[PDB]
């Protein structure tokens, strides 16, 4: 006879450590930044790239945890969170703009879908599966942005299993720019895997540059524009998550 593990092996959490609403972010440092915007915080665990907190925002307890860069490491956090009872997962991340005329450093984009280029989604779901947000979760993010008076684009992203565009094979970014708005490394994986696991999901992203213009120096992840965009994104996410959390 077999038994479950006391603590999930990678995120090192037990079921009492996980709320039905979870905010996931790529960078362990951002979990603390989120926590510092809340009334109460408690750091739970920090193993590998997975740092977790319970936070209280608008009297609602929410889980905040880092997933690391890329779909594979993210798949582990999502599977372990799902086993522990997560019901809503929102990725609050950073991204490049593929529309440098209208989405610029500091801007926020709520991604209701993402073009999949990841090996994760290509192997765990049938070909042609849409990596799409749950409508009421997208609506909670947009309604939060509206209430706060914070501008938020609504867009389709593209997700790749790499950052740098160094070529044996031709870059696809020019083509992608003709049908989507932003680019990152986890979104289609998050949306797709959450849909597959019956977890309600959406993404929101703050722009740090444009890879179409990296050659002209359009990148500044640490700068004031990016820092302010991320702050705005977190304000929207926390508002939306307290509203969702109430339903559980």
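Residue numbers count along the first chain shown, from 1.
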{"item": "Which of 143-151 and 114-122 has higher mean CA B factor, as the PDB entry lists it", "value": "143-151"}
{"item": "Which of 127-135 and 103-111 has higher mean CA B factor, as the PDB entry lists it", "value": "103-111"}
{"item": "Criterion, highest CA B-factor; candidates, 223, 189, 209, 26", "value": "223"}
{"item": "Residue selected from 67, 30, 197, 48 by maximal Cα B factor", "value": "197"}
{"item": "Chain third (lowest, middle, highest) by recorded CA B-factor, residue given as residue 34", "value": "middle"}
{"item": "Within-chain third of residue 170 by Cα B-factor, per the entry", "value": "highest"}
{"item": "Ranked against its chain, the third holding the CA B-factor of residue 87", "value": "middle"}
{"item": "For residue 62, the third of its chain into which the C-alpha B factor falls", "value": "middle"}
{"item": "Relative C-alpha B-factor of residue 97, binned into the chain's lowest, middle or highest third", "value": "middle"}
